[PDB]
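In what follows, a structure is listed as structure tokens, so that the remarks can point back to it.
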Protein chains: 2
Amino acid sequence: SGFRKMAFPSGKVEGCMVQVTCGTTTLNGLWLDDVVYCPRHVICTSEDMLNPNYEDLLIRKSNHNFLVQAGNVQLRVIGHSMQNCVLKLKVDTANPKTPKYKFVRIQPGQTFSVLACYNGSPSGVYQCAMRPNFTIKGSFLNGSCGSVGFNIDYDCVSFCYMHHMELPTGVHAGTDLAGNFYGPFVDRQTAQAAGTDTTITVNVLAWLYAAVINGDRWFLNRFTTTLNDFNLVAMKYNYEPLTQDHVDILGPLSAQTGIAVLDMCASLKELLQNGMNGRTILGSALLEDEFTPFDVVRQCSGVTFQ
Amino acid sequence: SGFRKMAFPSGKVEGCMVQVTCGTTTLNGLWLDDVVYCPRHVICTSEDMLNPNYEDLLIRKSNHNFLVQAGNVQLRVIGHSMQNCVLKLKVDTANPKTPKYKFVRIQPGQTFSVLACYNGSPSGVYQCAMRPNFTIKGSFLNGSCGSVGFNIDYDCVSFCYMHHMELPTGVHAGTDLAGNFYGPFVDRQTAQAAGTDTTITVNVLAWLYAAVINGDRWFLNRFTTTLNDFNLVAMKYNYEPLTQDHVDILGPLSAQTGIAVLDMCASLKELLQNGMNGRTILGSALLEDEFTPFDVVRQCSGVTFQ
Ligand SMILES: *[C@H](O)[C@H](C[C@@H]1CCNC1=O)NC(=O)[C@H](CC(C)(C)C)NC(=O)[C@@H](NC(=O)OCc1ccccc1)C(C)(C)C
Ligand SMILES: *[C@H](O)[C@H](C[C@@H]1CCNC1=O)NC(=O)[C@H](CC(C)(C)C)NC(=O)[C@@H](NC(=O)OCc1ccccc1)C(C)(C)C
């Protein structure tokens, strides 16, 4: 029993963190096989950040302008190319600690773990979600760029995120590992807004099932609702529409608890409409939307990784 | 910017997780050098758990009753001894992945990271605190025993916890790595209560400074308070007494923000007395006591590990 914001073990990713240095920019990079991936604003200076043409900026660079520490040892860059907003530095040594891995581009609502890094050195690990507005609510300081987001899938490190920048509300924007920004953002230091974010309804519901699975039941009710009626009450409270395809993923949880999905919606309904009136769910005084239905099954069932 | 419940990178500890099997009990163990440490209720059966005399139970065992997987490879046990509630199995192979490490016995209020494990295989990592009642609020299923709690200190894995058991309210009880229970608990399956828990005042305050450091200020006030007066308002709200020695640790944060500690107490005061009235701090609708003053400096300053 218990239910915590839980993050994938970070061992496999740590063994891939390297320092990448160009000019007076030092950020983190991901070394997998003989390629090191970092954000391409490692070739920028400060006056370069307001409006750069990275195509230009990078033809002016040579392999020797890329200092790569892996630990105390220096990696020899032998080639570079730019794929969207990531730099792919071909180095002479392949990484012995390279895990089975993939690059995946995740959908908003899905969670991943973040290994926060400075000068190639992990600082911490935490769990995040990809907000409906393609921001992520992270903990990132200067130098944290090139820290990655990832899931694990038994043995396979599935990379979905690289950190690029912080927006003025303190949320964060980055790219998948093939370099493409999640969301309308660019790696320019020009003003950009997050876009009003919404709550991940299907995840709130799964966390309600995490609650039931753990002994918190005070928020349940005899009432049922139609998905059609429920979405009419979720827009009102800035939740995201729940699809039948959500009902299906929420199914195994539904079946494990004996609480049909559409009643867990009728429960959620009343919760938005009344609040919690002192009470907490799973030690949270808030409806919590950063747990996917797979997260809840993971944590409440005991899936491991190797 | 940002502020998340952040856990130490788990790489170094993962490389120490092994499966330990005796009879039909399988739990996790910590392999460091040529010793594997696990809970001593791996020699128990089910009818053994109600009232065992582990001294007896363990003289009846032989080294060959201890099956230890490290990965796919089997460890040869050559000696065992019982220190309090931990078993120290001397194996023939020393662990190549053994990090610089220590065993430390932490005080209530201090935090540590938990690497949750099943059959030697990490499941997740999360951050915890040692509650004032020597329980910890964890996420632990069957087989999770022998999962450890730890801090890192640049390069040194400082081990402070091994998981042993769950109490009927879904909180967790374990031991330091020299085998001694945190709290009045025993590794018997006899009824035991957690003892009413209190809030870690000094940590709530540090998290308030995390809030200030991150742009949340709505809860501040012109008012000041005396520590003596403040403790008179914290007992009322079941917080723990704040000592001058807390004021000193909260000092660097105090100085970094320009908010004298005793005003952050006057802020806390009003918060307990009024609640938050819709608002949140750092995305939490609750005062959050599982961040130490060192955690906040760690996360808000960018200390790393190697
Ligand atoms: C890379 O290590 C660093 C990580 C930052 C530092 C603190 N937290 C982070 O997320 N990223 C950067 O320094 C970014 C560099 C570029 C990607 C090249 C822009 N810069 C920022 O993240 C930057 N954000 C930003 O400029 O865009 C929003 C904006 C808002 C108002 C006006 C202009 C722009 C700041 C960190 C905010 C400077
Ligand atoms: C070891 O892997 C396992 C981890 C448990 C399983 C689910 N969550 C956990 O924390 N630990 C145990 O199975 C414990 C075995 C002993 C340490 C030998 C007792 N058992 C428990 O944790 C046990 N707790 C308990 O018996 O004490 C409280 C109690 C309350 C009422 C009446 C009697 C005792 C249970 C998990 C609750 C069975």
Which is under 21 Å from A:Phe8 (Cα atoms) and either within 14 Å of another protein chain (Cβ to nearest Cβ) or polar (S, T, N, Q) (or both), of A:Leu282, A:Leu272, A:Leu286?
A:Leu282
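Yes/no per residue for (1) under 17 Å from B:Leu30 (Cβ atoms); (2) outside any strand (DSSP E or B):
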{"site": "B:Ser81", "(1), (2)": "yes, no"}
{"site": "B:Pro96", "(1), (2)": "yes, yes"}
{"site": "B:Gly109", "(1), (2)": "no, yes"}
{"site": "B:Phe112", "(1), (2)": "yes, no"}
{"site": "B:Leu115", "(1), (2)": "yes, no"}
{"site": "B:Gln127", "(1), (2)": "no, no"}
{"site": "B:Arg131", "(1), (2)": "no, yes"}
Residues that are farther than 17 Å from B:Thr175 by Cβ, without any contact (Cβ under 8 Å) to a residue 24 or more places away in the chain and assigned to a loop (DSSP other than H, G, I, E, B), drawn from the range B:32-74
B:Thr45, B:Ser46, B:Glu47, B:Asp48, B:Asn53, B:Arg60, B:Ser62, B:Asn72
Taking only pairs six or more apart or across chains, which ones have beta-carbon atoms under 8 Å, a first residue in the range B:159-176 that is within 6 Å of ligand 2 (Cβ to nearest atom), and a second residue that is acidic (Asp, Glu) and not in a strand (DSSP E or B)?
B:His164/B:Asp187; B:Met165/B:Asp187
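Yes or no, residue by residue, for (1) among the polar types (S, T, N, Q); (2) surrounded by fewer than 18 Cβ atoms within 10 Å (Cβ to Cβ):
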| residue | (1), (2) |
| --- | --- |
| A:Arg222 | no, yes |
| A:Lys236 | no, yes |
| A:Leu253 | no, no |
| A:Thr280 | yes, yes |
| A:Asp289 | no, no |
| A:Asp295 | no, no |
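Is it true that A:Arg105 is touching a residue at least 40 places away in the same chain (Cβ under 8 Å), surrounded by 19 or more Cβ atoms within 10 Å (Cβ to Cβ), in a loop (DSSP other than H, G, I, E, B) and away from ligand 2 (no atom under 16 Å from the Cβ)?
Details: touching a residue at least 40 places away in the same chain (Cβ under 8 Å): yes; surrounded by 19 or more Cβ atoms within 10 Å (Cβ to Cβ): no; in a loop (DSSP other than H, G, I, E, B): yes; away from ligand 2 (no atom under 16 Å from the Cβ): yes.
No.
Each row is one residue, and each column tells you yes or no for (1) assigned to a loop (DSSP other than H, G, I, E, B); (2) farther than 19 Å from B:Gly109 by Cα.
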residue	(1), (2)
B:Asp248	no, no
B:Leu253	no, no
B:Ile259	yes, yes
B:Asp263	no, yes
B:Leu268	no, no
B:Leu271	no, yes
B:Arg279	yes, yes
B:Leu287	yes, no
B:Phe294	no, no
Please go through the range A:141-162 and give me each residue that is away from chain B (no Cβ under 11 Å) and over 15 Å from A:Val18 (Cβ atoms), ordered by number.
A:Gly149, A:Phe150, A:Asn151, A:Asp153, A:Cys156, A:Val157, A:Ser158, A:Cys160, A:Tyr161
Neighbours by Cβ (under 9 Å, 6+ apart or cross-chain): first from the range B:123-151, on the phi < 0 side of the Ramachandran plot; second within 16 Å of ligand 1 (Cβ to nearest atom)
B:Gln127/A:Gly124; B:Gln127/A:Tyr126; B:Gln127/B:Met6
Determine whether B:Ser1 is of a type in the set (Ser, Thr, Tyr) and either touching a residue at least 60 places away in the same chain (Cβ under 8 Å) or surrounded by 20 or more Cβ atoms within 10 Å (Cβ to Cβ) (or both).
yes
Got a number for residues in the range A:75-98 being farther than 24 Å from A:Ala173 by Cβ and touching a residue at least 12 places away in the same chain (Cβ under 8 Å)?
13
Residue among B:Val20, B:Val13 that alone is out of contact with any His (no Cβ under 9 Å at 6 or more places or on another chain), part of a helix (DSSP H, G or I) and crowded, with 18+ Cβ neighbours inside 10 Å:
B:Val13
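Filter the range A:163-174 for residues that are outside any loop (DSSP other than H, G, I, E, B) and either more than 10 Å from ligand 1 (Cβ to nearest atom) or over 13 Å from the mean Cα position of the chain (by Cα) (or both); which is farthest from the other protein chains (Cβ to nearest Cβ)? Walk me through how you get there before you give the answer.
Within the range A:163-174, the subset outside any loop (DSSP other than H, G, I, E, B) is A:163-166, A:172-174.
Within this subset, residues satisfying the condition of being either more than 10 Å from ligand 1 (Cβ to nearest atom) or over 13 Å from the mean Cα position of the chain (by Cα) (or both) are A:165-166.
Working: A:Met165: 11, A:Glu166: 6 Å.
Ranking the candidates gives A:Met165 first.
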Restricting the range A:77-98 to residues that are of a type in the set (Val, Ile, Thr) and under 24 Å from the mean Cα position of the chain (by Cα), the one nearest to A:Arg40 (Cα to Cα) turns out to be A:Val86
The range A:183-213: number of residues that are free of Cβ contacts under 8 Å to residues at least 60 places away in the same chain, within 16 Å of ligand 1 (Cβ to nearest atom) and surrounded by 19 or more Cβ atoms within 10 Å (Cβ to Cβ):
2
Reported set for the range B:145-158 where residues are surrounded by 23 or more Cβ atoms within 10 Å (Cβ to Cβ), of a type in the set (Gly, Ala, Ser) and either away from ligand 2 (no atom under 16 Å from the Cβ) or not in a loop (DSSP other than H, G, I, E, B) (or both) is B:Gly149
Scope the range B:1-46; condition basic (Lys, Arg) and away from chain A (no Cβ under 14 Å); matching residues
B:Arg40
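Step by step: first the residues of the range A:185-220, then only those that are acidic (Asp, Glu) and under 22 Å from the mean Cα position of the chain (by Cα), then the one that is farthest from A:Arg298 (Cα to Cα). Which residue is that?
A:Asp187
Return a yes/no flag: does the range B:259-269 have any residue that is within 25 Å of B:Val114 (Cβ to Cβ) and either surrounded by 16 or more Cβ atoms within 10 Å (Cβ to Cβ) or within 14 Å of chain A (Cβ to nearest Cβ) (or both). It would help to see each step written out before you state the result.
Taking the range B:259-269 as the starting set, the residues that turn out to be within 25 Å of B:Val114 (Cβ to Cβ) are none.
Checked against the condition, which is being within 25 Å of B:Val114 (Cβ to Cβ) and either surrounded by 16 or more Cβ atoms within 10 Å (Cβ to Cβ) or within 14 Å of chain A (Cβ to nearest Cβ) (or both), the range B:259-269 yields no hits at all.
Values in this text are rule-based calculations from the coordinates and carry no lab data. Here the Cβ is made from the backbone with ideal geometry for all residues, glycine too, and neighbour counts use every protein chain on show.
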